[PDB]
Every structure is written in structure tokens, then in C-alpha cells.
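Trainee: Which chain is which? The protein sequence lines are C and A, in order.
If you count by PDB author numbering, then the first sequence holds residues 21 to 618, 622 to 698, one letter each, in order.
If you count by PDB author numbering, then the second sequence holds residues 21 to 618, 622 to 698, one letter each, in order.
Take a look at this one; I'll ask things after.
2 protein chains.
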Amino acid sequence: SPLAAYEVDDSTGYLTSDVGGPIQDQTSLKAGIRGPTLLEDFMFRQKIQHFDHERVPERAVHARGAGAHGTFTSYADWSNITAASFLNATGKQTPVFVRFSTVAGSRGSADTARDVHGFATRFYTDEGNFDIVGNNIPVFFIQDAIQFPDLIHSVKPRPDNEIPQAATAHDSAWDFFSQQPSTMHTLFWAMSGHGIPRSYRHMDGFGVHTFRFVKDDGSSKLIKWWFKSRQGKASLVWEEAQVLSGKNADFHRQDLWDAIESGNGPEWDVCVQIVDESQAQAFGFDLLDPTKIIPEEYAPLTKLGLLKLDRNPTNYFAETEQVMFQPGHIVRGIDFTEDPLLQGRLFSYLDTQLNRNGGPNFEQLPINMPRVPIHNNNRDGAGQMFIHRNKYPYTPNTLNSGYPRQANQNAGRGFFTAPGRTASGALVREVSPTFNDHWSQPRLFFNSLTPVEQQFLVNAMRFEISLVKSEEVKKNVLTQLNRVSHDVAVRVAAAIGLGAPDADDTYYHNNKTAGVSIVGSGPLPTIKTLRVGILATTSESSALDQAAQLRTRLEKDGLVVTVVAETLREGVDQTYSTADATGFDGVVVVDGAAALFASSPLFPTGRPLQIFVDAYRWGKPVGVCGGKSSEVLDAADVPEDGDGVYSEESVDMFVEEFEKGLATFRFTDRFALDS
Amino acid sequence: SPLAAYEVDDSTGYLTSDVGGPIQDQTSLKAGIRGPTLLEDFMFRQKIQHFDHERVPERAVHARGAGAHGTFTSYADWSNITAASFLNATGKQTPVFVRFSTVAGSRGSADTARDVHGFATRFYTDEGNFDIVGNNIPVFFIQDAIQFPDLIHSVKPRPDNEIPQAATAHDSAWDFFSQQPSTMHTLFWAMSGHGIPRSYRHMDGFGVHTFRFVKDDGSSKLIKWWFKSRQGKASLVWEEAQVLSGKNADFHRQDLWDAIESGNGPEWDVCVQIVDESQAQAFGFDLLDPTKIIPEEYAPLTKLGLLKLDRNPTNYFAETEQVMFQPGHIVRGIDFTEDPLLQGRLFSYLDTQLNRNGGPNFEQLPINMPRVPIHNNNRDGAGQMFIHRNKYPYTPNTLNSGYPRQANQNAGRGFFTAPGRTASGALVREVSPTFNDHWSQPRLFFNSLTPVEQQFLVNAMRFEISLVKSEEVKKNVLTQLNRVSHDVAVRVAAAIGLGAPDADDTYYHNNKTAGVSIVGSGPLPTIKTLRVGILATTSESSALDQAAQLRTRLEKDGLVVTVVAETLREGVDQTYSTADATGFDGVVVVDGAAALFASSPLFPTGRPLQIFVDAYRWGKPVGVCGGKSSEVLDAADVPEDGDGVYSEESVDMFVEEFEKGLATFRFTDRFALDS
Ligand code: HDD
Ligand code: HDD
Ligand SMILES: [Ca+2]
Ligand SMILES: [Ca+2]
Ligand SMILES: [Ca+2]
Ligand SMILES: [Ca+2]
């Protein structure tokens, strides 16, 4: 581990107190064998006090998440655009830690809630820790940090009864969205498949804000951070996500943990869009506005390096729960912009760690420590782990020979604000009029999805808005949707029994942009780690032989195979009782098992066929291997000539066809469209 | 009341700071219109500091839960058995607050996880706050409080990756259960329908421990607390509970909130079993052992009074999240026993509130305050809300005339330890040999369930143990189950492909006890609040007329009716998109809607039929109203002669039959049994 010096080994030895005294911990000290417990039982109290105090406050947002360690490797010397030391040489490696998350749910809510997702990355650089605290969607709901508690209160559970958990599907959230039209862009992303990603590994990361790269000469450029997934993009379908939220609330954290342990650690190209300072207002919107993307057509990506996650934590609480990210963790070569959302975040993340840690020395926790020396005059505070030798911790001093020395642009590789930055004007609590177009980019995004994706987005809105009780809120929602697309407002209105307002075409257009569609991003670049369920039976030795031969051929290509049957035994991983279509990316029935697809105390009535039908309905590749397919496919009402439906006698031919299906990932012709 | 004095109304007025200065909170103060945010923006920082610090640590256990206010009313003057003031007169009323919970899951986890459930009741008595901090299961996993962190660490998520959430279905939990055989009794309860109750209202509450009732003369008797539900007992089936965990993680808190708002606030008879001190060891087990029940046949229940919950909280965080229960909140007339589980609890609950509240003045929060004056020499600490006038807070004093006075058995209605209590022997960390029978009572419990209930319990163990990776742990589990029942171990072993160990009949017997079976507890005594889904269509004016006439007749009898259709409109509550069988206790299809049961952009393929089939498979009353009937029942493969299947042309006859079905609640003949 990068954190090996802090590890504690309990694989041998006798139980001790926290101060090394050998003890026991299984029976209380009592006044007689059936007597009361004694106050002098220090073994009891130290153990129970620790237990009683194990919990800390969950993060105010992004409470539900999971993390891993890895490495970042630079592809080049990037001194031509940034002074940043971690980017200063081809092949230069820096340790990282990444945490992924949802936003709204509390820390035991479901991974597969519909939500924006966090993607937070720490680079433990040789010039200090640098954090990029990003999301899987490139734009944010609001244009000023001061509005964050309004947004978050509205999407979190109603505060009288704390209902509903981890969901925007309630009156307050849609009230906020409909009254605060800045929200439209992020709303459209959340209501697309980007709100229900297949895994953390199958989503991109974005810094959201425009930042600055600063060279050692003082010149600056504007950048956006883009982490492009090397696993490809993929989503769940909503009905699948809902079932998975109940069957496996830990789906995304399990997926990441398993990928790392199998040696399939996920990778991203860490990229930037780079533009000149003079282009802040050149693209038809303001680069200080975090509700806006720069279309790839206007500014192409530059690949800076490779991020790879390849080591799981030892202790979740100590590493994942305690990691404390800050946009204020910045290094020389990077600087902020006057994005009023970013500006306020700088305050929040330093302050909130006091709540979580309960004390000011949270940067001393192993996961938060830097990998280089600390020289400063910060002292004392609860939980102080350092023993400082310098007894003159003030500047300016002569009694410690003027150390530590000041670092700045010209000495000590100091951080420095980009020297060409200026401010001019009144001290104002006013919104820039350059931020006022809330609807054109939502429309750009919607235009850029495929017809079936558009249907899914409409369906997500129909689902959530149908659960809003207030007729006034629902009308207000249609008013805002209508400014993005009259068609969206018409199709959503049909579900909730309202009339859509008349078209208002001020912000309508037909422009599209590349790289935002999931369905459109073509077949996955790899099928390693994807999950194949083989449905078999113990009633036929030949079904288990078919299952074993399929397993060998699928495992050869790095697929994760689960053989399912009525009961466990050698070669069977899971029972029908525990199995669900949400556990697989493709489902194969071996034709020896055909009789299960027409009752048993060992699983719920119809379970084997339900797994197959659910997989088909949710767009997954499905098939029958062995050559006799009719009985299964007729029971399922699955047509044999369907796209992403397979039937072959030959195991080799079956797997070759099926693997193409897995790369296709989803067969979208199985979903009905509005007329 | 301390609650009413601290209520804050924001239905009018201008925004202020926390010190009453009128402000704004929508735009940050900036150095020019596109400039950086200023440090002097106090409006920004106060708002965000508050947001940053909103969270507090969740409870170490029972983190997921919900609460309500109500009243306890005594049925009699109970002076003849206890000095307790809240029980001292017929009709005497005391305010209560109750919180219900699961045990293992974090905040945000699903209500319908399989778990033990908390049932914690605060009586705000005229002689101080009295808490009975109970569960819905009458026995606990362990016999000594010092083991609690062992139990809890084993059932909570594995600490390297924090998987899995809110579940015992993992190796560590079953390792603990198999190595600590005290766990068998509670394990059997949790694996029965008691682990997945239909609602908080449909479960009982238990103090678990033997306590003492103490009279003003100093004599004592041993008691067990039993809160008997007046709503009846009911459970979910596992497959339903899993789906509901995903479709509605807030199911139990919603059910409670809704019942209270409709004027159907839940009721319990608060009862005790009362036995003499001399019977501590008379029933074949030790009354100090919290893994044991007293069979009703050995000691019948005395009804002390009525508990009714009838008012929802105003603010969840302030009331439900902050309520801080303690078994140390005891009143004169009650005393502890030397149960080593109870003994340690007394320490834990005082200590843990320091973690949650962050300071020592947690009893000053309105929900925790008493309803009588506080006179003591406790002073200072963080968050001190009182201004104490007594400037000589020490005893003994003359400078405050010797006040406050000491209270005890003889003066001031003081609490006093039961004066007959003694202790004798060595100071020991040893377990009493009277606690060593871990298996007979698990067997008593199993024997007392119906055949189908026994099958559900076996099925729950087959499900969970099949997910254990370690073959050695699975074998160890069978070893322990085998000591309860060879048949259980045989039936469980069949699912996980192991052999059961040979019968070991040391603890086997055929005794039964009344009142532990859910299936056996007869029809529900009321059907008010139960949920009827009517599946209709907007295609047919006659389908909506059928739905509306059914609605009128069902709503008359206090049922919560939802009409489901493709889209909302007058008379339709929910779309097929958001509807699920988990949302209903009974499902009716109107005849006019027959065509939906043979594709649409408005809901997933087969959703209407799936709701009906799911409802049937999970044992619910189902029917078709209109008198075509055959087409829908044939499509569903639901037999018309089936118990809990209704088929009538007449709406009146349909409802009369259907309502008996709702009282029956579950039709258990639809579940397969081991040979
Ligand atoms: C002014 C308040 C505020 C605003 C405007 C934002 N956030 Fe934030 N964010 C917080 C206040 C905050 C916080 C309260 O300070 C959190 C909670 C825990 C922590 O360490 O910081 C947080 C956590 C947090 C995490 C979890 C980091 C982790 O896994 O531990 C992510 C990924 C983000 N945020 C991402 C964003 C993005 C991409 C934003 C807009 C572009 C954003 N936040 C705006
Ligand atoms: C020695 C530690 C220990 C032991 C043996 C137990 N508990 Fe406990 N219990 C806790 C330590 C604890 C705790 C850590 O102190 C909690 C967490 C939050 C709090 O207020 O106390 C708690 C919370 C808690 C709650 C939630 C209260 C609420 O709604 O806020 C209930 C209902 C119970 N417990 C019930 C039981 C029952 C019926 C037990 C055995 C008969 C039991 N506990 C044993
Ligand atoms: Ca709401
Ligand atoms: Ca999609
Ligand atoms: Ca485990
Ligand atoms: Ca006393």
C-alpha cells in the first residue's frame, strides 16, 4: 500500500487495550456469577466507548460512495501549457485515490438511484496534493454557490417525514427545477442514461468549471477537465435500476472492487479542452457559467495522461470514509476562475471537514497526508499528531533564522495567482446577463441523443413528474420544459393528463454535438468483466456439462460467469432463489434445462423464466445454447430471429455471436417509441 | 410543552440571519459583475457554514428509523404492583414519542431489509421521562453486553469494502452466528416473517429483559414488557421485500405517516408478564438470560394500558433524528435486573449521545426535555441553554439553604434500587451455567410456526447461507442448526450442496407455545389503511366507471385505493410506469381493461399483467370485477377456484368477498413445501 506505514496487523497475538495491556473482552466483571456488572470493569468500558463513538457525520452531499487507489502517468512534458510538476515529464507517475458517489442519498442508499454522480480524484504530487473534485455530468444545476443549500434541500427528502430517499421524484425538487431554470441542463443529463450508469468504470468525469493552466512564465489558458472512460459508456434501463436498488444496493461498489481484484482495474484518459483567455465569451456563452459545455467541435480534447485504479482499500472507514477532498488543494501551474459556483466551493470544503473530523487536524489522517515534507507554523488543535521542533513558529523571525521561507512565483516553487487576472467594477450581488440563456444547451443535449435515448429521457420525466402531487408545480414544470422543446413538453404532458403550453421557440434549434450520447457511442471497446448468467439445472447431468463447457470458453475471454441452478454443487455458483436478471449483462440457457422454463420449494414460482424474460425486456443479449431453442424462446415470447437473441448448437459459434451482443450491450429495438 | 415553545414559523416575513438581520441569500457579493467572490460576504458564509455542518453521526445501530408522537392511557390504578406514577390511576394520560427502526443498515437503507426491528417508547411522565427501548422480537442474540460490538461488526458490512448494506447474507455474520450459539433463538425469529414485517403498526414490541416492578413498600416482582399490536400481525414475503427495498425504500415510514394523517393512528395494549422473585429459575431457564422467553402458558399477560400514536413530527431532524433514548431513563416503581446484557446497555446509551450530540447537554434538546421541573447541580458544558440562578451548586450547602434536597425511598418520591436485591460471591468474568442451553427455545419457536411458515424460514436460511463463500462457515452453520432441528439442517443443506450432520437429539422436543406465529394469528382485526390497486385503462370509459364505483365502495371501509392507468386524469392516481404489486395489499383488474393483459411507450412491456401476477405469486387477494373474468385469469394463469381469487360481475358481491381476502391477508396455499 502507499499507506503501509500506518497499517496494523492482527493476524497473530493476544488481545490488548489501546495502551498495549493484554486483556479479554467476552465476559463482563460481575459481583458473583449471577451478579451486577462492576464499574471498575475497564475492559468493558474501553471496548463499548469505542463502539459507541465509531460513527462520524456522513458527507452533506455525496454521502454514498466508494473508492480505490491507483496511479496517474503523464503522456508528455506539459511545461508548454502548465508549471504543474505532476505533468512535467513523459512517463512521470503520481499515486492517486479516487472516490465515486451519488449526490442526494444518505450513506446506505442504493448505488443505482437516478442521480448526478461524483468523481473525485486526488493526485499525491511531489509539489503537494492536488484534487479534482468532479461529477459524471459536465454541467451543474446552479450558477452561484450561495444557492447550493436551496438545490440540496429541494432534492433531499422532505424535512417533516424525511421521504423520499435518494430521489428527485417529489414535489419539492420539481418546484425548485421549475422556478430556477438554470437547472434545465443538468436536469436533462440526469434524466438521460447518465443518471443511471452501468458502473463507475463506464462513466466519464468532468471538472465542470473552467479552470486555468498557468505556465512558469505567468501566462495562462482556460481549461476544462475531461476524464474519458477507456471501458466505454453504458447505462442501465430505469426498470432495471429500480430492481437492482433492492436486489443489490452495493452494485457499483461491488463492480469496482471486483474489477480491481480480477486485474481489470479501470482506466481513463485525463484530458483538457484548452482555449485562450480571449475566448471566455467567444463561443456564444460565458466560460464562467458552469451550466454550459464547450462543444468538442469548438475545442478538441488534448490527452494529458492515464489514470488507472488498481488497488482496493484495506480499511474502508479509514481510507474511503475519511478521505477529505478540497478544490482548495491546488498546486503551482493551476489556478481558479471567477465562476461564482467554484468561488464558493473553495470555502465549503475547508469548513465541512471540521464537521466530519470533529477537529482541525484532518490533513494528518493517513489518506489525507501529502507524500512530501510539511513546513509551516500551524500548531496545536484537537488531535495534534505532530511534535514540532521549531519553537519560534512565527514569521518574520530571527530566532529560527527566518525559516520557513516564503514561497511565491520567483522562489521555492510557490503557488501564485495567474498574474494577468484583474477585477474591475462595483461590489455587487448581481448576476451577469451573460448567464441568462438557460434553455439552448439543454436543447443541444436533447438533439444529440438517438431517438430511443430521447424516449428514455421523456420516460424518466414522465415517471418522476407523474409522482408530483401539486398541479401548479406540474404546470410550472411543463412551462420550463416547453422552452427547451415543445415536443418534450407535449410527450411529458400526455402522461400526467395536462395540456402542454403553446410552443415558445425563442431558444429552439436543431444543433447537435458529439460525445454526449450513450447509445450513440457504438460498441463497448472491451467486454472484460461483463457478467454472463448461465441458467442450468441439477436434474440433468448434460445441462451441467453444457454449463461447464460454456464457462470455459466465456472465461477465456475475461467474462465473469455465474452458473445458476436449483441448488449449489461443484460448478454451480448461485441458486435460482438468489439469482436475478439485474445480476447479468447477458443470459444463456443451456438446452438441457428447457423443462424449468414451463414450481419448487427451492425458488419462487416462475423464477428461471422470469430471469430470461427480464433480461430480454431490458435489452440484454440472451440465448439458448445446445441447438434446441424453441421451447425456451416460445415460453419467453422471445422471437428467434430477434437482434441480440442467439441460438446455436456449437459452443464456439454460440460464444462468438454472443460476445458481439455483449459489446453491443443493449438492443434498443425492443423499446416502444411515441408516435 | 418544550416542543411548542421552540416551534418556528416561516410562513411570512423577510429572510434574516440567525441574529435577526434582514438579508438576501441568492447571489454572492463580487468584485464586479464577472468578478471573484469577496471574503466579507457574511451572508454567503453564514448560510454555507450552516449547510456544511447540517449532518450529525447516525446512531451506531438502529440508524434507519421513523417516529411519531402520541398518548399512553392507564387502564387502572396499578399501585398494588408498582409505585410508578404514570400507572397510578384509571384514565391517567401521559404523552409519548416512539421511534421504530431496523438494526444493521445506515441511514438511507431500505425499511424492508430482513432485520431485527427497534421499538423505542418514551413516556414523558409527571415523575420524569421513562424509556422502554425494545425490539419487535422478544429475545436477543447475545447474553453479555460486552459482546455487542462483536455481533454488530459481524452483521454490518465487511470493513475492507463496506459490502453488503443492511443484510446478514454474508460470511462474517454467519461465522459469528455459527461460533456463538446464543444467537440461535434471535436468528430463528429474524429468519421468520418477524424479520420482514408488513409495517411498524403490524409488529409487537418487547422490552426483552426481565425488569422489576417495585411497590412503595419496597417489595418487587419480575416483569417482561409486551406491546401487543391492535392492528394484528403481518409480514411481507421475501421476494416482495426485496423488490420493495428498491421501489420504495421509505415503505414503513410512509405507511406510519399516512396512517396517522388519515386518523388511523396505530394502537398497542401495553402488557406485562408478572412473576415472583422466587421464580427466577423455576421455568427451566434463567430469567436473567435475554435469549429466553416466558411462554404465555406459564405466565399470562396483564393489560396495563393503551399506547396510541396519533401525531406526526413537524421536523424530522429535530424530533426523530435527535431523540436520544436510554434504559437509564427510569422512574420510581421500576428497577433493573442482573441481566448482563441490560447491565452494559445502561452505560452505552449515556455515552453514545456524546458522539451524536457533540456535547453533554443533549437532554436540553426539546424532544429530550422532561415535562416537569429540573433541579440539579449539573452545570456548564458546550451548548448550555439554561441560566442557572443557584450560585452554590454543591451538596451539602448552607449558602442555598440545603437545596436541592436529596430524594430517596422515604422522601421526595426518589428513585430507589429494589431493597431486596443482594449480590454474593467472587468478582468474576464467568458465564452462569444456567445460561448454557442455546438450542431448546429456538426449537420451541420453530415448532410453534405453521408448516408454510417453517418453509419460509428454511427458505430464508437457504437464501442467506447460499451466499456465504466459505465452505467451512457453511458446515459450521449446519452443525449449529442441526442442534435445533435435524430437519432444518437437512432442508437447508439440500440447497447449498452439503450433507447435514447426523441428528443430535440432546435439545430436540415437540413443545409449542402460543402467540409467536404470524400465519397462525388468524385474520387481521381491521383492514383500515390496507392498499387496493385497481388496474384500469383510459381506452374505455366503462373501465374508468368500473374503477370509480369500486373506489367508492372500498374507500367507504377505510381502504386506501389507487386507480392505475396508462396516463393520469380525473379518477386515476397512478400510471402503470410507477405502479408495482409491492404498492398494494390487494389487486383488482376491471373487465374493461382486459386488452392490456395480452406494448406502449408509456410503461415497460407486460407491466399491467406483471402487477397482477406478482400480487398473486406473493399471496395477495386478487380478482377481476365485471364478469368476463376468464380472459384475464387465463392470461395470468390464475385459477378461478383458487383461495383468495375473486371473480364477480356484481361490484357489491365483489367487494364483500374481496374484503374478507384482505383480512385473511395472505393465501399461503400458493407456496411449495419440501416433500
Ligand atoms: C457551496 C457548496 C458546494 C457547491 C456549489 C458544490 N459542492 Fe461539492 N461538496 C460540498 C459542497 C459544494 C461539500 C459540502 O463541501 C462536500 C461534502 C463533503 C466534502 O468533503 O465536501 C461536497 C462533496 C462533493 C463530492 C464528494 C467528494 C468525495 O467523494 O468525498 C464531489 C464529487 C463533489 N462535491 C462535486 C461537486 C461538483 C462537480 C460541483 C459543481 C461543479 C460541486 N460539488 C458544487
Ligand atoms: C452494549 C451496547 C448495546 C447493547 C447490548 C444493546 N444496545 Fe441498543 N443501542 C446501543 C447500544 C446497545 C447504542 C449504541 O447505545 C444505541 C445507538 C443509538 C443510541 O441512542 O443507543 C442503541 C440503540 C438502540 C435502539 C434505537 C433507539 C432509537 O430509536 O433511537 C433500540 C430500539 C435499541 N438499541 C434496542 C436494544 C434492545 C431491545 C437490546 C437488547 C435487548 C439492545 N438494544 C442492546
Ligand atoms: Ca416534496
Ligand atoms: Ca440510455
Ligand atoms: Ca463478510
Ligand atoms: Ca437506592
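Don't be surprised by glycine CBs; every beta carbon is placed ideally from N, CA and C.
Do residue 101(A) and residue 208(A) have their beta-carbon atoms positioned less than 8 Å apart in this structure?
Mentor: For the purposes of this step, residue 208(A) is taken as residue 188 along the second sequence, with counting starting at 1. For the purposes of this step, residue 101(A) is taken as residue 81 along the second sequence, with counting starting at 1. The answer is no: Cβ separation not under 8 Å.
Trainee: Going by alpha carbons, who is nearest to residue 536(A) out of 317(A), 458(A), 599(A)?
Mentor: Residue mapping note: residue 536(A) aligns to position 516 of the second sequence, counting from 1. Among 317(A), 458(A), 599(A), the Cα nearest to that of residue 536(A) belongs to 317(A).
Trainee: Return the bridge partner residues of residue 243(C) from the DSSP annotation.
Mentor: Here residue 243(C) is taken as the residue at index 223 of the first sequence, counted from 1. Paired residues: 231(C), 294(C).
Trainee: Are the C-beta atoms of residue 185(A) and some chain C residue less than 8 Å apart?
Mentor: Start at 1 with the first residue of the second sequence, and residue 185(A) comes out as number 165. It does: the Cβ of residue 185(A) has a partner Cβ on chain C nearer than 8 Å.
Trainee: Just the chain C side, please: which residues come within less than 8 Å of residue 277(A) by C-beta, in chain order?
Mentor: Taking the second sequence and counting its residues from 1, the one referred to as residue 277(A) is at position 257. Within chain C, the residues near residue 277(A) are 181, 183.
Trainee: Does residue 431(C) come out as helix, strand or coil in the three-state DSSP assignment?
Mentor: Residue mapping note: residue 431(C) aligns to position 411 of the first sequence, counting from 1. Three-state result, residue 431(C): strand.
Trainee: Would you say residue 337(A) faces chain C, with C-beta separation under 8 Å as the test?
Mentor: Within the second sequence, numbered from 1, the residue matching residue 337(A) stands at position 317. Yes, because at least one Cβ of chain C sits closer than 8 Å to the Cβ of residue 337(A).
Trainee: Just to confirm, are residue 647(A) and residue 655(A) a CB contact at a threshold of 8 Å?
Mentor: Sequence index remark: in the second sequence, residue 647(A) carries index 624 (1-based). Sequence index remark: in the second sequence, residue 655(A) carries index 632 (1-based). Result yes, Cβ atoms of residue 647(A) and residue 655(A) sit closer than 8 Å.
Trainee: Looking at the unbroken alpha helix (DSSP H) that takes in residue 149(C), where does it start and where does it end?
Mentor: As a position in the first sequence, residue 149(C) is number 129, starting the count at 1. Residue range 148-155 is occupied by the beta strand (DSSP E) that includes residue 149(C), with no alpha helix (DSSP H) assigned at that position.
Trainee: If you measure beta-carbon to beta-carbon, which residues of the segment 587-606 of chain A are closer than 7 Å to chain C?
Mentor: The segment 587-606 of chain A vs chain C, Cβ under 7 Å: 587, 588, 589, 595, 597, 598.
Trainee: Does the segment 300-311 of chain A come into contact with the segment 89-105 of chain A, if we say contact requires no fewer than three beta-carbon pairs (one atom in each stretch) closer than 8 Å?
Mentor: no
Trainee: Ordered along the chain, which non-local residues of its own chain (more than five positions away) have a Cβ less than 8 Å from that of residue 539(C)?
Mentor: The residue you call residue 539(C) lines up with position 519 of the first sequence. Cβ neighbours of residue 539(C) beyond the five flanking positions: 213, 469, 470, 472, 473, 689, 691.
Trainee: List the DSSP bridge partners of residue 13(C).
Mentor: The shown model of chain C, from 21 to 698, leaves out residue 13(C), and the question about it has no answer.
Trainee: Under a CB-based cut-off of 8 Å, is residue 627(C) close to chain A?
Mentor: Indexing the first sequence from 1 puts residue 627(C) at position 604. Yes - at least one Cβ of chain A is within 8 Å of the one on residue 627(C).
Trainee: Of all Cβ atoms in chain A, is any one closer than 8 Å to the Cβ of residue 56(C)?
Mentor: As a working mapping, residue 56(C) is identified with position 36 in the first sequence. Output row for residue 56(C): interface = yes.
Trainee: Take the Cβ of residue 620(C) as the centre, count every other Cβ of all protein chains shown within 10 Å, and call the residue buried at 16 or more, exposed below.
Mentor: For residue 620(C), no position is available: the coordinates of chain C end at 618 and pick up again at 622.
Trainee: At 4 residues or longer, what runs of the alpha helix (DSSP H) sit wholly inside the segment 548-592 of chain A?
Mentor: 561-575
Trainee: Quick one: which residues of the segment 249-275 of chain C get their C-beta closer than 9 Å to a C-beta of chain A? List them in chain order.
Mentor: 257, 258, 259, 261, 262, 263, 264, 265, 266, 267, 268, 269, 270, 273, 274
Trainee: On the three-state DSSP scale, how would you describe residue 144(A)?
Mentor: Residue numbering aside, residue 144(A) sits at position 124 when the second sequence is read from its first letter. Looking at residue 144(A) - three-state DSSP - the assignment turns out to be strand.
Trainee: Who are residue 199(A)'s beta bridge partners in DSSP?
Mentor: Position 179 of the second sequence, counted from the first residue, corresponds to residue 199(A). Answer is none; residue 199(A) lacks a bridge partner.
Trainee: Is the beta carbon of residue 51(C) closer than 8 Å to that of residue 59(C)?
Mentor: Your numbering for residue 59(C) matches position 39 in the first sequence. Your numbering for residue 51(C) matches position 31 in the first sequence. It is not a contact, given that the beta carbons lie outside the stated cut-off.
Trainee: Could you please give the first and the last residue of the uninterrupted beta strand (DSSP E) stretch that includes residue 508(C)?
Mentor: Taking the first sequence and counting its residues from 1, the one referred to as residue 508(C) is at position 488. Element bounds for residue 508(C): not the beta strand (DSSP E) but the alpha helix (DSSP H), 506-516.
Trainee: Count the other C-beta atoms from every protein chain shown that fall within 10 angstroms of the C-beta of residue 125(C), then say buried if there are 16 or more, exposed otherwise.
Mentor: Taking the first sequence and counting its residues from 1, one reaches residue 125(C) at position 105. Residue 125(C) is buried by the Cβ-count criterion.
Trainee: So does residue 473(C) have its beta carbon nearer than 7 Å to some heavy atom of ligand 4?
Mentor: As a position in the first sequence, residue 473(C) is number 453, starting the count at 1. Because some heavy atom of ligand 4 lies under 7 Å away, the Cβ of residue 473(C) counts as near it: yes.
Trainee: In angstroms, rounded to a whole number, what distance separates the CA positions of residue 236(A) and residue 353(A)?
Mentor: The count along the second sequence starts at 1 and reaches residue 236(A) at position 216. The count along the second sequence starts at 1 and reaches residue 353(A) at position 333. Rounded to the nearest angstrom, the two C-alpha atoms are 7 Å apart.
Trainee: Are any of the Cβ atoms in chain A nearer than 8 Å to that of residue 130(C)?
Mentor: Residue mapping note: residue 130(C) aligns to position 110 of the first sequence, counting from 1. So yes, residue 130(C) belongs to the interface.
Trainee: Interface residues of chain C around residue 167(A) at Cβ under 9 Å?
Mentor: Residue 167(A) sits at position 147 when you count from the first residue of the second sequence. Within 9 Å Cβ-Cβ: 45, 46, 47.
Trainee: Find the nearest neighbour of residue 79(A) within the set 56(A), 585(A), 172(A), 310(A), judged by alpha-carbon distance.
Mentor: Along the second sequence, one-based indexing puts residue 79(A) at 59. When only C-alpha atoms are compared, the closest one is 172(A).
Trainee: For a contact meaning CB atoms closer than 7 Å, what does residue 443(C) contact in chain A?
Mentor: Sequence index remark: in the first sequence, residue 443(C) carries index 423 (1-based). Result: 51, 52, 55, 56.
Trainee: Relative to the C-alpha of residue 116(C), which residue among 43(C), 565(C), 601(C), 290(C) is closest?
Mentor: Numbered from its first residue, the first sequence carries residue 116(C) at position 96. Ranking the options by Cα distance to residue 116(C), first place goes to 290(C).
Trainee: Assign residue 335(A) to one of three DSSP states: helix, strand, or coil.
Mentor: Reading the second sequence from its first residue, position 315 is the one you call residue 335(A). Of the three classes helix, strand and coil, the one that applies to residue 335(A) here is coil, per DSSP.
Trainee: Residue 494(A) by DSSP, collapsed to three states: which one?
Mentor: Taking the first residue of the second sequence as 1, we reach residue 494(A) at position 474. Taken through DSSP and simplified to helix, strand or coil, residue 494(A) comes out as helix.
Trainee: Can you list, in chain order, the residues of its chain with a C-beta nearer than 6 Å to that of residue 264(A)? Leave out the 5 residues immediately preceding and following it.
Mentor: Within the second sequence, numbered from 1, the residue matching residue 264(A) stands at position 244. Cβ within range, chain order: 132, 271, 602.
Trainee: Whose C-beta lies closer than 6 Å to the C-beta of residue 189(C) among residues of the same chain, with five residues either side of it excluded?
Mentor: For the purposes of this step, residue 189(C) is taken as the residue at position 169 of the first sequence. Same-chain partners within the cutoff: 484, 487.
Trainee: With 7 Å as the C-beta to C-beta threshold (strictly closer), list the residues of the segment 362-382 of chain A near chain C in chain order.
Mentor: 363, 364, 367, 368, 371, 372, 375
Trainee: Under 8 Å between beta-carbons, which chain C residues line up against residue 69(A)? List them in chain order, please.
Mentor: The residue you call residue 69(A) lines up with position 49 of the second sequence. By Cβ distance, chain C contributes 371.
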